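In: show me the folded form of this:
(one chain, ligands or ions: 3)
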Amino acid sequence: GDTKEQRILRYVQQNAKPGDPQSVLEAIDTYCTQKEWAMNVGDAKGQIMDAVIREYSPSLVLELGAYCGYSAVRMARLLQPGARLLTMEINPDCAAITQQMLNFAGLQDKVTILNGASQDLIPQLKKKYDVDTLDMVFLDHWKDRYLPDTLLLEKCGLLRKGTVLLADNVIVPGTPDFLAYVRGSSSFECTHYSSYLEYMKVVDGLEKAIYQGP
Ligand SMILES: Nc1ncnc2c1ncn2[C@@H]1O[C@H](CSCC[C@H](N)C(=O)O)[C@@H](O)[C@H]1O
Ligand SMILES: O=c1[nH]cnc2c(O)cc(-c3ccc(F)cc3)c(Cl)c12
Ligand SMILES: [Mg+2]
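Out: Numbers count the residues shown, from 1 in each chain. Ligands and ions are numbered 1, 2, ... in the order given. Okay, here it is:
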């Protein structure tokens, strides 16, 4: 009766070392490679995300799209003490898996799961979650939302000079509108990171777009 996501969690629960985030990541990677593909950011693009977290050391990170919690584990494990991750997930079943995955890895104290559509939650961040500004945003939910969620973040005043946006899948499935925006706009300084689609040999990439403000 397991969903694909419950199958991933079941595999982690019996194979990974409890309280060990790295072991959790390794187990998910193993499942997706050997048994059944899933849309985790994956290890190859994961290395790029790790480098970004390490370089900028964000105290408040926002993730759009949690799924099974793979990327939340990846990022949370690298956050400095005192730092926090907020992750938005529209699907309550995925939000449940993500919560269990974080609990297993022992990272539940660094992460808060917000349930609902990013378009609905973003305007609530300041009032309802005491957010000042964000240090980093990881966009990895659905391609049609990348551009409007970015403008929504700006409109709500959640980005500041230096805020790092990191977008997954800007090549496959591809996000031409978002790319047109960050690359064409003086409000952003951009870097493309070429890599591979999770657990595949197909080329994909991340885009890092750093907000310069007005
Ligand atoms: N508008 C939206 N707001 C919040 N979540 C959304 C959304 N549109 C799609 N999603 C969710 O975004 C997820 C994309 S898959 C996310 C994978 C994850 N970032 C990882 O690397 O581990 C799905 O679980 C889907 O339910
Ligand atoms: O919808 C997605 N949201 C967040 N990340 C995603 C991802 O990393 C990959 C894919 C994808 C790419 C190619 C393919 F053949 C099937 C699926 C999707 Cl579709 C998403
Ligand atoms: Mg993705």
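In: surely residue 179 meets residue 170?
Out: Yes: the pair formed by residue 179 and residue 170 meets the contact definition of CB atoms under 8 Å, at 5.7 Å. For the C-beta atoms, the positions are set from N, CA and C on the backbone; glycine is no exception.
In: any residues in contact with both of the two?
Out: The contact sets of residue 179 and residue 170 overlap at residue 207 (CB atoms under 8 Å, 6 or more residues apart in numbering).
In: tell me which of the two has more neighbours.
Out: residue 170 (23 against 19; other CB atoms under 10 Å).
In: the residue lying closest to the more buried one once chain neighbours are set aside: which element?
Out: Spatial nearest neighbour of residue 170, chain neighbours left out: residue 207 (4.5 Å); criterion: CB to CB, 6 or more residues apart in numbering. For residue 207, the host element (DSSP states H and E) is strand 203-211.
In: in that strand, what's buried?
Out: Within strand 203-211, the residues scored as buried using 16 or more other CB atoms under 10 Å are 204, 205, 206, 207, 208, 209, 210, 211.
In: name the helices or strands packed onto it?
Out: helix 42-56, strand 164-167, helix 176-184, strand 188-196 (3 or more CB pairs under 8 Å, 6 or more residues apart in numbering; DSSP states H and E).
In: strand partners (parallel or antiparallel) of it?
Out: strand 164-167 (antiparallel), strand 188-196 (antiparallel) (DSSP bridges).
In: centre of the chain to that strand, how far?
Out: Distance, stretch centre to chain centre, for strand 203-211: 13 Å (CA atoms, centre = their mean, to the nearest Å).
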